[PDB]
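Source file: structure29.tsv. Holds: TSV, N, CA and C atoms and all ligand atoms.
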chain	number	residue	atom	x	y	z
Q	7	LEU	N	0.87	-1.24	0.00
Q	7	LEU	CA	0.00	0.00	0.00
Q	7	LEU	C	0.87	1.23	0.00
Q	8	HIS	N	0.24	2.37	-0.26
Q	8	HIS	CA	0.98	3.60	-0.26
Q	8	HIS	C	0.26	4.73	0.44
Q	9	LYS	N	1.06	5.50	1.15
Q	9	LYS	CA	0.54	6.69	1.80
Q	9	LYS	C	0.46	7.84	0.82
Q	10	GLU	N	-0.64	8.57	0.90
Q	10	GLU	CA	-0.91	9.77	0.05
Q	10	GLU	C	-1.22	10.97	0.95
Q	11	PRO	N	-0.92	12.17	0.46
Q	11	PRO	CA	-1.14	13.36	1.30
Q	11	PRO	C	-2.60	13.72	1.45
Q	12	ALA	N	-2.92	14.34	2.57
Q	12	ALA	CA	-4.22	14.99	2.76
Q	12	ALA	C	-4.03	16.06	3.82
Q	13	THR	N	-5.03	16.92	4.00
Q	13	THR	CA	-4.99	17.87	5.12
Q	13	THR	C	-6.32	17.75	5.89
Q	14	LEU	N	-6.26	18.03	7.18
Q	14	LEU	CA	-7.46	17.99	8.00
Q	14	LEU	C	-8.39	19.12	7.61
Q	15	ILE	N	-9.66	18.79	7.43
Q	15	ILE	CA	-10.69	19.85	7.37
Q	15	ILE	C	-11.39	19.95	8.73
Q	16	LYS	N	-11.88	18.82	9.27
Q	16	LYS	CA	-12.54	18.86	10.57
Q	16	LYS	C	-12.65	17.48	11.16
Q	17	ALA	N	-12.31	17.35	12.44
Q	17	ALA	CA	-12.65	16.13	13.15
Q	17	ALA	C	-14.18	15.95	13.21
Q	18	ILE	N	-14.63	14.70	13.11
Q	18	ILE	CA	-16.06	14.44	13.20
Q	18	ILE	C	-16.37	13.57	14.42
Q	19	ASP	N	-15.98	12.30	14.38
Q	19	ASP	CA	-16.14	11.46	15.57
Q	19	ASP	C	-15.04	10.39	15.63
Q	20	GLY	N	-15.27	9.33	16.41
Q	20	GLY	CA	-14.12	8.46	16.69
Q	20	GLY	C	-13.56	7.77	15.45
Q	21	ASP	N	-14.44	7.50	14.48
Q	21	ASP	CA	-13.95	6.74	13.31
Q	21	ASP	C	-14.32	7.37	11.96
Q	22	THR	N	-14.64	8.66	11.98
Q	22	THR	CA	-14.77	9.41	10.72
Q	22	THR	C	-14.09	10.76	10.90
Q	23	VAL	N	-13.57	11.28	9.80
Q	23	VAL	CA	-12.86	12.58	9.83
Q	23	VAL	C	-13.06	13.18	8.45
Q	24	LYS	N	-13.10	14.52	8.40
Q	24	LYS	CA	-13.21	15.18	7.10
Q	24	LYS	C	-11.85	15.70	6.67
Q	25	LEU	N	-11.37	15.22	5.53
Q	25	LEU	CA	-10.04	15.60	5.03
Q	25	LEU	C	-10.15	16.14	3.64
Q	26	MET	N	-9.18	16.96	3.27
Q	26	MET	CA	-9.08	17.36	1.87
Q	26	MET	C	-8.10	16.39	1.19
Q	27	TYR	N	-8.59	15.65	0.19
Q	27	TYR	CA	-7.78	14.65	-0.48
Q	27	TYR	C	-7.84	14.95	-1.99
Q	28	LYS	N	-6.67	15.01	-2.63
Q	28	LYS	CA	-6.57	15.43	-4.06
Q	28	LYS	C	-7.34	16.73	-4.27
Q	29	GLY	N	-7.27	17.59	-3.26
Q	29	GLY	CA	-7.89	18.92	-3.38
Q	29	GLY	C	-9.39	19.01	-3.20
Q	30	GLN	N	-10.02	17.90	-2.79
Q	30	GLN	CA	-11.49	17.84	-2.67
Q	30	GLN	C	-11.87	17.44	-1.24
Q	31	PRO	N	-12.91	18.06	-0.68
Q	31	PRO	CA	-13.34	17.65	0.66
Q	31	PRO	C	-13.96	16.28	0.66
Q	32	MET	N	-13.58	15.44	1.63
Q	32	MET	CA	-14.19	14.11	1.67
Q	32	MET	C	-14.33	13.68	3.11
Q	33	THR	N	-15.39	12.93	3.43
Q	33	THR	CA	-15.42	12.34	4.76
Q	33	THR	C	-14.80	10.96	4.63
Q	34	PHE	N	-13.83	10.66	5.48
Q	34	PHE	CA	-13.23	9.31	5.53
Q	34	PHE	C	-13.75	8.51	6.71
Q	35	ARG	N	-14.07	7.23	6.46
Q	35	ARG	CA	-14.40	6.30	7.51
Q	35	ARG	C	-13.22	5.36	7.67
Q	36	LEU	N	-12.78	5.19	8.89
Q	36	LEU	CA	-11.50	4.46	9.13
Q	36	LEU	C	-11.71	2.98	8.97
Q	37	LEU	N	-10.90	2.38	8.10
Q	37	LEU	CA	-11.02	0.91	7.86
Q	37	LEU	C	-10.76	0.13	9.13
Q	38	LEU	N	-11.51	-0.96	9.28
Q	38	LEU	CA	-11.31	-1.97	10.34
Q	38	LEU	C	-11.64	-1.54	11.76
Q	39	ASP	N	-12.16	-0.31	11.94
Q	39	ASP	CA	-12.51	0.20	13.31
Q	39	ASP	C	-14.01	0.28	13.50
Q	40	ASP	N	-14.46	0.08	14.74
Q	40	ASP	CA	-15.82	0.49	15.12
Q	40	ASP	C	-15.66	1.17	16.45
Q	41	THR	N	-15.79	2.49	16.42
Q	41	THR	CA	-15.87	3.22	17.70
Q	41	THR	C	-17.32	3.32	18.13
Q	42	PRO	N	-17.56	3.48	19.44
Q	42	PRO	CA	-18.94	3.73	19.90
Q	42	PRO	C	-19.44	5.09	19.37
Q	43	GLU	N	-20.73	5.18	19.04
Q	43	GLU	CA	-21.34	6.47	18.68
Q	43	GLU	C	-21.31	7.41	19.87
Q	50	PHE	N	-21.22	8.81	19.42
Q	50	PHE	CA	-20.99	9.82	20.45
Q	50	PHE	C	-21.95	9.65	21.64
Q	51	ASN	N	-23.15	9.17	21.35
Q	51	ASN	CA	-24.15	9.00	22.40
Q	51	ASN	C	-24.06	7.70	23.20
Q	52	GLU	N	-23.03	6.88	22.93
Q	52	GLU	CA	-22.80	5.62	23.65
Q	52	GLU	C	-21.60	5.70	24.61
Q	53	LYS	N	-21.44	4.72	25.50
Q	53	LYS	CA	-20.32	4.77	26.42
Q	53	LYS	C	-18.99	4.67	25.66
Q	54	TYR	N	-18.01	5.46	26.10
Q	54	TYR	CA	-16.72	5.67	25.40
Q	54	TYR	C	-16.79	6.35	24.04
Q	55	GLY	N	-18.00	6.72	23.61
Q	55	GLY	CA	-18.16	7.51	22.38
Q	55	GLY	C	-17.47	8.86	22.43
Q	56	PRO	N	-17.72	9.63	23.49
Q	56	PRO	CA	-17.08	10.92	23.57
Q	56	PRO	C	-15.57	10.78	23.65
Q	57	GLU	N	-15.08	9.81	24.43
Q	57	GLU	CA	-13.62	9.58	24.57
Q	57	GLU	C	-12.99	9.17	23.26
Q	58	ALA	N	-13.68	8.32	22.52
Q	58	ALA	CA	-13.17	7.95	21.16
Q	58	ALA	C	-13.13	9.17	20.23
Q	59	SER	N	-14.18	9.99	20.25
Q	59	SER	CA	-14.19	11.20	19.40
Q	59	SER	C	-13.04	12.11	19.78
Q	60	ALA	N	-12.85	12.29	21.09
Q	60	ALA	CA	-11.80	13.14	21.62
Q	60	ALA	C	-10.39	12.66	21.26
Q	61	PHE	N	-10.22	11.35	21.28
Q	61	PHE	CA	-8.91	10.75	20.97
Q	61	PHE	C	-8.54	10.95	19.50
Q	62	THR	N	-9.48	10.64	18.62
Q	62	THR	CA	-9.23	10.86	17.18
Q	62	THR	C	-9.02	12.35	16.88
Q	63	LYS	N	-9.87	13.23	17.44
Q	63	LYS	CA	-9.75	14.69	17.29
Q	63	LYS	C	-8.35	15.19	17.68
Q	64	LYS	N	-7.86	14.73	18.83
Q	64	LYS	CA	-6.54	15.19	19.28
Q	64	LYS	C	-5.47	14.71	18.31
Q	65	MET	N	-5.58	13.46	17.89
Q	65	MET	CA	-4.60	12.84	17.02
Q	65	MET	C	-4.52	13.57	15.70
Q	66	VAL	N	-5.67	13.87	15.09
Q	66	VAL	CA	-5.60	14.54	13.78
Q	66	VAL	C	-5.32	16.03	13.89
Q	67	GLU	N	-5.86	16.71	14.91
Q	67	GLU	CA	-5.62	18.15	15.04
Q	67	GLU	C	-4.17	18.48	15.38
Q	68	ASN	N	-3.50	17.59	16.11
Q	68	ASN	CA	-2.12	17.86	16.54
Q	68	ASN	C	-1.09	17.49	15.48
Q	69	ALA	N	-1.51	16.70	14.49
Q	69	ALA	CA	-0.59	16.18	13.48
Q	69	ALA	C	-0.05	17.31	12.60
Q	70	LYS	N	1.25	17.28	12.32
Q	70	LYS	CA	1.82	18.14	11.28
Q	70	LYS	C	1.52	17.64	9.89
Q	71	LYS	N	1.37	16.33	9.75
Q	71	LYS	CA	1.20	15.70	8.46
Q	71	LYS	C	0.15	14.61	8.61
Q	72	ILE	N	-0.95	14.74	7.86
Q	72	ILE	CA	-1.91	13.65	7.75
Q	72	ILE	C	-1.64	12.92	6.44
Q	73	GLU	N	-1.80	11.58	6.45
Q	73	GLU	CA	-1.76	10.82	5.22
Q	73	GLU	C	-2.92	9.85	5.18
Q	74	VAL	N	-3.39	9.54	3.98
Q	74	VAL	CA	-4.38	8.48	3.87
Q	74	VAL	C	-3.77	7.37	3.03
Q	75	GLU	N	-4.15	6.16	3.38
Q	75	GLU	CA	-3.63	4.96	2.71
Q	75	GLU	C	-4.84	4.10	2.35
Q	76	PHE	N	-5.13	3.97	1.06
Q	76	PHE	CA	-6.20	3.06	0.65
Q	76	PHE	C	-5.73	1.63	0.67
Q	77	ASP	N	-6.66	0.71	0.85
Q	77	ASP	CA	-6.32	-0.71	0.79
Q	77	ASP	C	-6.58	-1.18	-0.63
Q	78	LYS	N	-6.71	-2.50	-0.83
Q	78	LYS	CA	-6.75	-3.06	-2.20
Q	78	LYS	C	-8.14	-3.13	-2.82
Q	79	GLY	N	-9.13	-2.93	-1.98
Q	79	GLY	CA	-10.52	-3.08	-2.34
Q	79	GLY	C	-11.24	-1.76	-2.54
Q	80	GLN	N	-12.51	-1.75	-2.17
Q	80	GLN	CA	-13.31	-0.57	-2.42
Q	80	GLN	C	-12.82	0.65	-1.66
Q	81	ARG	N	-12.76	1.77	-2.36
Q	81	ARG	CA	-12.21	3.00	-1.75
Q	81	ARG	C	-13.27	3.95	-1.23
Q	82	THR	N	-14.53	3.66	-1.56
Q	82	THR	CA	-15.66	4.43	-1.01
Q	82	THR	C	-16.78	3.48	-0.59
Q	83	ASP	N	-17.46	3.79	0.51
Q	83	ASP	CA	-18.59	3.00	0.89
Q	83	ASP	C	-19.92	3.52	0.30
Q	84	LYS	N	-21.00	2.83	0.62
Q	84	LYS	CA	-22.28	3.16	0.01
Q	84	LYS	C	-22.79	4.57	0.32
Q	85	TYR	N	-22.17	5.24	1.27
Q	85	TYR	CA	-22.58	6.58	1.70
Q	85	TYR	C	-21.67	7.62	1.07
Q	86	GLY	N	-20.70	7.13	0.30
Q	86	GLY	CA	-19.72	8.00	-0.35
Q	86	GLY	C	-18.55	8.41	0.56
Q	87	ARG	N	-18.44	7.74	1.70
Q	87	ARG	CA	-17.29	7.94	2.57
Q	87	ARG	C	-16.06	7.21	2.01
Q	88	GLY	N	-14.90	7.89	2.06
Q	88	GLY	CA	-13.62	7.26	1.70
Q	88	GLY	C	-13.33	6.18	2.73
Q	89	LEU	N	-12.72	5.07	2.30
Q	89	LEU	CA	-12.40	3.95	3.25
Q	89	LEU	C	-10.90	3.86	3.23
Q	90	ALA	N	-10.25	4.29	4.30
Q	90	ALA	CA	-8.78	4.24	4.28
Q	90	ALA	C	-8.21	4.06	5.66
Q	91	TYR	N	-6.90	3.82	5.68
Q	91	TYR	CA	-6.10	3.92	6.92
Q	91	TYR	C	-5.58	5.33	6.99
Q	92	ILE	N	-5.74	5.97	8.17
Q	92	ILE	CA	-5.35	7.39	8.33
Q	92	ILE	C	-4.16	7.49	9.24
Q	93	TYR	N	-3.12	8.22	8.83
Q	93	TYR	CA	-1.94	8.38	9.66
Q	93	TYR	C	-1.74	9.80	10.11
Q	94	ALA	N	-1.27	9.95	11.34
Q	94	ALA	CA	-1.03	11.28	11.92
Q	94	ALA	C	0.44	11.30	12.34
Q	95	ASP	N	1.25	12.07	11.62
Q	95	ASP	CA	2.70	12.05	11.86
Q	95	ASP	C	3.27	10.65	11.92
Q	96	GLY	N	2.84	9.85	10.93
Q	96	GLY	CA	3.31	8.47	10.75
Q	96	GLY	C	2.69	7.39	11.62
Q	97	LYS	N	1.78	7.80	12.52
Q	97	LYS	CA	1.14	6.86	13.46
Q	97	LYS	C	-0.24	6.57	12.94
Q	98	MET	N	-0.60	5.30	12.85
Q	98	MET	CA	-1.89	4.95	12.27
Q	98	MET	C	-2.99	5.16	13.30
Q	99	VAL	N	-3.93	6.06	12.99
Q	99	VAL	CA	-5.05	6.32	13.90
Q	99	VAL	C	-5.86	5.04	14.06
Q	100	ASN	N	-6.06	4.30	12.96
Q	100	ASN	CA	-6.92	3.07	13.04
Q	100	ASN	C	-6.38	2.08	14.09
Q	101	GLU	N	-5.06	1.99	14.16
Q	101	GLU	CA	-4.44	1.08	15.07
Q	101	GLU	C	-4.46	1.65	16.48
Q	102	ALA	N	-4.13	2.93	16.59
Q	102	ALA	CA	-4.09	3.56	17.91
Q	102	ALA	C	-5.40	3.48	18.67
Q	103	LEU	N	-6.52	3.68	17.97
Q	103	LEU	CA	-7.84	3.63	18.61
Q	103	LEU	C	-8.02	2.24	19.20
Q	104	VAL	N	-7.67	1.22	18.43
Q	104	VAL	CA	-7.82	-0.18	18.94
Q	104	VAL	C	-6.91	-0.44	20.13
Q	105	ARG	N	-5.65	0.02	20.02
Q	105	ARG	CA	-4.66	-0.27	21.08
Q	105	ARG	C	-5.11	0.35	22.39
Q	106	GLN	N	-5.82	1.48	22.30
Q	106	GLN	CA	-6.29	2.18	23.50
Q	106	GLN	C	-7.67	1.69	23.97
Q	107	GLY	N	-8.23	0.65	23.33
Q	107	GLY	CA	-9.57	0.18	23.76
Q	107	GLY	C	-10.68	1.19	23.54
Q	108	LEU	N	-10.55	2.00	22.49
Q	108	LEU	CA	-11.57	2.96	22.11
Q	108	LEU	C	-12.27	2.58	20.80
Q	109	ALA	N	-11.76	1.53	20.14
Q	109	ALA	CA	-12.48	0.91	18.98
Q	109	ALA	C	-12.32	-0.59	19.07
Q	110	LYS	N	-13.31	-1.30	18.56
Q	110	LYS	CA	-13.18	-2.74	18.30
Q	110	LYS	C	-12.77	-2.95	16.84
Q	111	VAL	N	-12.02	-4.02	16.58
Q	111	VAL	CA	-11.78	-4.44	15.19
Q	111	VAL	C	-13.13	-4.90	14.66
Q	112	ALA	N	-13.48	-4.42	13.46
Q	112	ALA	CA	-14.85	-4.65	12.94
Q	112	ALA	C	-14.87	-4.37	11.44
Q	113	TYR	N	-15.93	-4.83	10.80
Q	113	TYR	CA	-16.12	-4.52	9.38
Q	113	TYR	C	-14.91	-4.96	8.55
Q	114	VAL	N	-14.54	-6.22	8.74
Q	114	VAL	CA	-13.39	-6.78	8.05
Q	114	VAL	C	-13.88	-7.46	6.78
Q	115	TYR	N	-13.74	-6.76	5.67
Q	115	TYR	CA	-14.25	-7.26	4.39
Q	115	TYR	C	-13.06	-7.70	3.52
Q	116	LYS	N	-13.26	-8.76	2.74
Q	116	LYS	CA	-12.12	-9.27	1.93
Q	116	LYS	C	-11.56	-8.25	0.93
Q	117	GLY	N	-10.24	-8.20	0.77
Q	117	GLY	CA	-9.62	-7.11	-0.02
Q	117	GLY	C	-9.29	-5.80	0.67
Q	118	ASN	N	-10.03	-5.49	1.71
Q	118	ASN	CA	-9.73	-4.30	2.52
Q	118	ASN	C	-9.27	-4.68	3.91
Q	119	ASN	N	-8.39	-5.66	4.02
Q	119	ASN	CA	-8.02	-6.15	5.35
Q	119	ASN	C	-6.52	-6.29	5.54
Q	120	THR	N	-5.78	-5.46	4.81
Q	120	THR	CA	-4.31	-5.55	4.88
Q	120	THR	C	-3.79	-5.42	6.32
Q	121	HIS	N	-4.38	-4.51	7.12
Q	121	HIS	CA	-3.86	-4.28	8.46
Q	121	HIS	C	-4.65	-5.01	9.52
Q	122	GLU	N	-5.39	-6.04	9.11
Q	122	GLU	CA	-6.23	-6.77	10.07
Q	122	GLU	C	-5.43	-7.39	11.22
Q	123	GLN	N	-4.36	-8.10	10.88
Q	123	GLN	CA	-3.64	-8.78	11.93
Q	123	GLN	C	-2.94	-7.79	12.87
Q	124	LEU	N	-2.43	-6.69	12.33
Q	124	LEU	CA	-1.83	-5.63	13.16
Q	124	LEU	C	-2.87	-5.10	14.17
Q	125	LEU	N	-4.08	-4.79	13.68
Q	125	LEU	CA	-5.13	-4.33	14.60
Q	125	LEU	C	-5.59	-5.40	15.60
Q	126	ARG	N	-5.74	-6.66	15.18
Q	126	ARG	CA	-6.17	-7.67	16.16
Q	126	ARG	C	-5.11	-7.87	17.25
Q	127	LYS	N	-3.84	-7.67	16.91
Q	127	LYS	CA	-2.81	-7.80	17.93
Q	127	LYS	C	-2.95	-6.64	18.93
Q	128	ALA	N	-3.22	-5.44	18.42
Q	128	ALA	CA	-3.51	-4.30	19.33
Q	128	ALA	C	-4.73	-4.50	20.19
Q	129	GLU	N	-5.79	-5.06	19.61
Q	129	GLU	CA	-6.98	-5.35	20.42
Q	129	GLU	C	-6.70	-6.34	21.55
Q	130	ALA	N	-5.90	-7.36	21.27
Q	130	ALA	CA	-5.59	-8.34	22.28
Q	130	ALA	C	-4.87	-7.67	23.43
Q	131	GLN	N	-3.97	-6.74	23.12
Q	131	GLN	CA	-3.25	-6.05	24.19
Q	131	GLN	C	-4.17	-5.12	24.97
Q	132	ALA	N	-5.02	-4.36	24.28
Q	132	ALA	CA	-5.98	-3.52	24.98
Q	132	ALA	C	-6.90	-4.32	25.87
Q	133	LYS	N	-7.31	-5.49	25.40
Q	133	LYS	CA	-8.17	-6.34	26.22
Q	133	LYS	C	-7.43	-6.89	27.44
Q	134	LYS	N	-6.16	-7.28	27.24
Q	134	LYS	CA	-5.34	-7.82	28.36
Q	134	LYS	C	-5.17	-6.75	29.42
Q	135	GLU	N	-5.07	-5.51	28.98
Q	135	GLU	CA	-4.90	-4.37	29.88
Q	135	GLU	C	-6.23	-3.88	30.46
Q	136	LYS	N	-7.33	-4.46	29.99
Q	136	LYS	CA	-8.66	-4.06	30.44
Q	136	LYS	C	-8.88	-2.57	30.22
Q	137	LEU	N	-8.50	-2.09	29.04
Q	137	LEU	CA	-8.62	-0.65	28.74
Q	137	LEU	C	-9.99	-0.26	28.23
Q	138	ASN	N	-10.59	0.76	28.85
Q	138	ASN	CA	-11.73	1.44	28.23
Q	138	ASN	C	-12.89	0.51	27.87
Q	139	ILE	N	-13.15	0.28	26.59
Q	139	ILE	CA	-14.23	-0.65	26.24
Q	139	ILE	C	-14.08	-2.04	26.92
Q	140	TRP	N	-12.83	-2.44	27.19
Q	140	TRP	CA	-12.56	-3.78	27.74
Q	140	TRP	C	-12.44	-3.76	29.24
Q	141	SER	N	-12.79	-2.63	29.85
Q	141	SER	CA	-12.77	-2.60	31.33
Q	141	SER	C	-14.04	-3.22	31.91
Q	201	LIG	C1	-16.04	0.53	7.92
Q	201	LIG	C2	-17.01	0.21	6.77
Q	201	LIG	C3	-18.35	0.50	6.94
Q	201	LIG	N1	-19.14	0.17	5.82
Q	201	LIG	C4	-20.61	0.39	5.94
Q	201	LIG	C5	-21.25	-0.87	6.62
Q	201	LIG	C6	-22.35	-0.35	7.58
Q	201	LIG	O1	-23.60	-0.22	6.81
Q	201	LIG	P1	-24.90	0.16	7.66
Q	201	LIG	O2	-24.97	1.73	7.70
Q	201	LIG	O3	-25.97	-0.36	6.72
Q	201	LIG	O4	-24.95	-0.44	9.08
Q	201	LIG	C7	-21.77	1.08	7.94
Q	201	LIG	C8	-21.17	1.15	9.33
Q	201	LIG	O5	-20.47	2.44	9.48
Q	201	LIG	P2	-20.63	3.19	10.83
Q	201	LIG	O6	-19.98	2.32	11.96
Q	201	LIG	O7	-19.92	4.49	10.57
Q	201	LIG	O8	-22.13	3.43	11.20
Q	201	LIG	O9	-20.87	1.43	6.86
Q	201	LIG	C9	-18.65	-0.41	4.69
Q	201	LIG	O10	-19.46	-0.73	3.79
Q	201	LIG	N2	-17.32	-0.69	4.52
Q	201	LIG	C10	-16.50	-0.44	5.62
Q	201	LIG	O11	-15.32	-0.75	5.50
Q	202	CA	CA	-19.07	3.68	14.53

When written as structure tokens, how does the structure in this file appear?
Ligand SMILES: Cc1cn([C@H]2C[C@H](OP(=O)(O)O)[C@@H](COP(=O)(O)O)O2)c(=O)[nH]c1=O
Ligand SMILES: [Ca+2]
Amino acid sequence: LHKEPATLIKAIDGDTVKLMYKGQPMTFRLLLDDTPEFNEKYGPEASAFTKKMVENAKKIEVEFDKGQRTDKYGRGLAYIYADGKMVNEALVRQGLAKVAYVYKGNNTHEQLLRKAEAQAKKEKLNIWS
């Protein structure tokens, strides 16, 4: 896979963010994550964690996987990096997202994320407390 440039337009919630990609505004949904909705437990914390990660970054990048690049709602489906750190992985490692929505072709980082989930669960972090 390859990392491509983007810039932050606005944080939205734990697993969606609005970025400018190839000069166009797009909402991205983070591959392989399911954060709780803002109105659910750990929802606000997940939104806050992603917001801090993308707002503080000097450089955002998006990385598409091998499969579909947009979902049925027109959201971009990618791995998002903030100063080289993958937000998709970080949310899982901190117990603020579950690994979810693992569809064939878009699962390059599946094993990396499941290893993070196992550690978050062992630590009884957040969702796993
Ligand atoms: C993460 C992701 C979600 N989706 C679709 C499936 C779900 O459809 P439904 O809306 O019919 O439940 C929805 C979940 O996203 P959210 O967790 O943002 O609600 O987005 C994909 O199709 N591909 C994906 O990789
Ligand atoms: Ca969600």

Neighbours of ligand LIG 201 (chain Q) within 7 Å, counting only C-alpha atoms and all ligand atoms, as a compact mmCIF listing (two decimals) with N, CA and C atoms, keeping the file's coordinate frame?
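Output below, filename out.txt:
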# COMPACT_ATOMS: atom_id res chain seq x y z
N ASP Q 21 -14.44 7.50 14.48
CA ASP Q 21 -13.95 6.74 13.31
C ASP Q 21 -14.32 7.37 11.96
N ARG Q 35 -14.07 7.23 6.46
CA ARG Q 35 -14.40 6.30 7.51
C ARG Q 35 -13.22 5.36 7.67
N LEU Q 36 -12.78 5.19 8.89
CA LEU Q 36 -11.50 4.46 9.13
C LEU Q 36 -11.71 2.98 8.97
N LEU Q 37 -10.90 2.38 8.10
CA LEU Q 37 -11.02 0.91 7.86
C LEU Q 37 -10.76 0.13 9.13
N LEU Q 38 -11.51 -0.96 9.28
CA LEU Q 38 -11.31 -1.97 10.34
C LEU Q 38 -11.64 -1.54 11.76
N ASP Q 39 -12.16 -0.31 11.94
CA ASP Q 39 -12.51 0.20 13.31
C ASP Q 39 -14.01 0.28 13.50
N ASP Q 40 -14.46 0.08 14.74
CA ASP Q 40 -15.82 0.49 15.12
C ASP Q 40 -15.66 1.17 16.45
N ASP Q 83 -17.46 3.79 0.51
CA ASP Q 83 -18.59 3.00 0.89
C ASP Q 83 -19.92 3.52 0.30
N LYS Q 84 -21.00 2.83 0.62
CA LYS Q 84 -22.28 3.16 0.01
C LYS Q 84 -22.79 4.57 0.32
N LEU Q 89 -12.72 5.07 2.30
CA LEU Q 89 -12.40 3.95 3.25
C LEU Q 89 -10.90 3.86 3.23
N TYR Q 113 -15.93 -4.83 10.80
CA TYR Q 113 -16.12 -4.52 9.38
C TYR Q 113 -14.91 -4.96 8.55
N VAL Q 114 -14.54 -6.22 8.74
CA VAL Q 114 -13.39 -6.78 8.05
C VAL Q 114 -13.88 -7.46 6.78
N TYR Q 115 -13.74 -6.76 5.67
CA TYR Q 115 -14.25 -7.26 4.39
C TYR Q 115 -13.06 -7.70 3.52

If you count only C-alpha atoms and all ligand atoms, which residues end up within 6 Å of ligand CA 202 (chain Q), as a ChimeraX atom specification? /Q:40-43

Pull the neighbourhood of (0.5, 6.0, 3.4) for me: all residues within 8 Å in file coordinates, counting all atoms listed in the file, as an mmCIF file with N, CA and C atoms, in the frame of the given file.
data_model
loop_
_atom_site.group_PDB
_atom_site.id
_atom_site.type_symbol
_atom_site.label_atom_id
_atom_site.label_comp_id
_atom_site.auth_asym_id
_atom_site.auth_seq_id
_atom_site.Cartn_x
_atom_site.Cartn_y
_atom_site.Cartn_z
ATOM 1 N N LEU Q 7 0.870 -1.240 0.000
ATOM 2 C CA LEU Q 7 0.000 0.000 0.000
ATOM 3 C C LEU Q 7 0.870 1.230 0.000
ATOM 4 N N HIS Q 8 0.240 2.370 -0.260
ATOM 5 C CA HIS Q 8 0.980 3.600 -0.260
ATOM 6 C C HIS Q 8 0.260 4.730 0.440
ATOM 7 N N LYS Q 9 1.060 5.500 1.150
ATOM 8 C CA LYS Q 9 0.540 6.690 1.800
ATOM 9 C C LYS Q 9 0.460 7.840 0.820
ATOM 10 N N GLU Q 10 -0.640 8.570 0.900
ATOM 11 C CA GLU Q 10 -0.910 9.770 0.050
ATOM 12 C C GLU Q 10 -1.220 10.970 0.950
ATOM 13 N N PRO Q 11 -0.920 12.170 0.460
ATOM 14 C CA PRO Q 11 -1.140 13.360 1.300
ATOM 15 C C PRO Q 11 -2.600 13.720 1.450
ATOM 16 N N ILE Q 72 -0.950 14.740 7.860
ATOM 17 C CA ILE Q 72 -1.910 13.650 7.750
ATOM 18 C C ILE Q 72 -1.640 12.920 6.440
ATOM 19 N N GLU Q 73 -1.800 11.580 6.450
ATOM 20 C CA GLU Q 73 -1.760 10.820 5.220
ATOM 21 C C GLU Q 73 -2.920 9.850 5.180
ATOM 22 N N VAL Q 74 -3.390 9.540 3.980
ATOM 23 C CA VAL Q 74 -4.380 8.480 3.870
ATOM 24 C C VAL Q 74 -3.770 7.370 3.030
ATOM 25 N N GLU Q 75 -4.150 6.160 3.380
ATOM 26 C CA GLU Q 75 -3.630 4.960 2.710
ATOM 27 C C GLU Q 75 -4.840 4.100 2.350
ATOM 28 N N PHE Q 76 -5.130 3.970 1.060
ATOM 29 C CA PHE Q 76 -6.200 3.060 0.650
ATOM 30 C C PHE Q 76 -5.730 1.630 0.670
ATOM 31 N N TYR Q 91 -6.900 3.820 5.680
ATOM 32 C CA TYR Q 91 -6.100 3.920 6.920
ATOM 33 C C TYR Q 91 -5.580 5.330 6.990
ATOM 34 N N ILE Q 92 -5.740 5.970 8.170
ATOM 35 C CA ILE Q 92 -5.350 7.390 8.330
ATOM 36 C C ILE Q 92 -4.160 7.490 9.240
ATOM 37 N N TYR Q 93 -3.120 8.220 8.830
ATOM 38 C CA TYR Q 93 -1.940 8.380 9.660
ATOM 39 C C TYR Q 93 -1.740 9.800 10.110
#

Have a look at CA of residue 103 in chain Q and CA of residue 67 in chain Q and let me know their distance in Å, one decimal. 15.1 Å

Computed interatomic separation between CA of residue 23 in chain Q and CA of residue 50 in chain Q (Å): 13.7 Å
